[PDB]
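Only the coordinates and a few stated rules stand behind these numbers; no lab work does. Cβ placement follows ideal geometry from the backbone for every residue including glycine, while neighbour counts extend to all protein chains displayed.
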Amino acid sequence: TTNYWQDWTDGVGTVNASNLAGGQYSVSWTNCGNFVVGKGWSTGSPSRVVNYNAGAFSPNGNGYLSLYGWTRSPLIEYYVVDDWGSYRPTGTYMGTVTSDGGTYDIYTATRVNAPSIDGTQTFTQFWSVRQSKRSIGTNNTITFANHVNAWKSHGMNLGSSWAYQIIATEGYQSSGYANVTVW
């Protein structure tokens, strides 16, 4: 079960997220800019098997339902994306992972002087993006170890310092709602 709550906005739009009981969170947003809201663990493990059930993933526009976290050394922002709204995130293609029944494309990207867990940095992004939207309302499972290891296989080794690890709802320039229980 979870121990960490993540509630980040860029101050744009209106973004109301609720830290409900256990691993459950809801978030409603209207004309947001960028927010990353989710539940999970203060410290990410490369082996953690995350489960979640999204009661609603109803973005009106861009929005990701991801396993989301950060390493340091190197500073890496990672996503495992199971659901998206109007735009599927892509980056430099590396190959595919296939975990928990679905096949994900593997992407890398560089963010130049973006906001990061260590301030304004130019950091690196590892991406696992499902090729079709996973089902919502079902008890879903992301076996991280699969992604971490396949990322290893394409040259994408993660950092040594593990920060938070959450089943995040992220929106970018959009509105919508999400109800997600993490455990």
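Along the positive direction of the dipole of the chain (beta-carbon charges: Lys, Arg +1; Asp, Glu -1; about the Cα centre), which of 44, 176, 18 reaches farthest?
44
By counting other Cβ atoms within 10 Å of each Cβ, how are 90, 181, 96 ranked from fewest to most?
90, 96, 181
Can you classify the stretch 82-140 as rounded, prolate or oblate using the Cα gyration tensor, where a ≥ b ≥ c are the square roots of its eigenvalues, rounded means a/c under 1.5, and otherwise it's prolate if a/b beats b/c and oblate if not?
The shape class here is prolate.
Return the distance in nm (one decimal) between the two label points of a simple spin-label model at residue 56 and residue 4, each offset 7 Å from Cα along Cα→Cβ.
Spacing of the two 7 Å Cα→Cβ label points: 2.7 nm.
Let me know the charge dipole size of the stretch 4-182 about its Cα centre in debye, to the nearest 20, where only the beta-carbon of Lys, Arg (+1) and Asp, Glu (-1) is charged.
My answer is approximately 240 debye.
Can you list the residues, at least 5 places off or on another chain, whose amide H is less than 5 Å from the amide H of residue 34, using H built in the peptide plane?
Here 10, 12, 173 satisfy the definition.
Where Rh is the Kirkwood radius over the Cα pairs of the stretch 4-182, the temperature 20 °C and the viscosity 1.002 mPa s, what D in µm²/s does Stokes-Einstein return?
My calculation gives 134 µm²/s for D.
List the residues, sorted by chain then number, that are 5 or more residues from residue 5 or on another chain and whose placed amide H is less than 5 Å from its amide H.
Correct list: empty.
Going by amide H atoms built from the backbone, whose H comes under 5 Å of the H on residue 61, apart from near neighbours?
86
Which distance in nm do the two modelled labels at residue 139 and residue 153 give, with both placed 7 Å along the Cα-to-Cβ direction?
Taking the two extended label points, one gets 2.8 nm.
If you take the charge dipole of the chain about its Cα centre, with +1 on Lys and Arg Cβ and -1 on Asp and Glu Cβ, which of 161, 64, 3 is farthest toward its positive end?
Towards the positive end, the residue furthest out is 161.
In whole Hz, what ³J(HN,Hα) sequence does the stretch 6-22 give by Karplus (6.51, -1.76, 1.60; θ = phi - 60°), x for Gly and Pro?
For the stretch 6-22, the Karplus curve yields 10, 9, 10, 10, 8, x, 8, x, 10, 9, 10, 10, 10, 8, 6, 6, x Hz.
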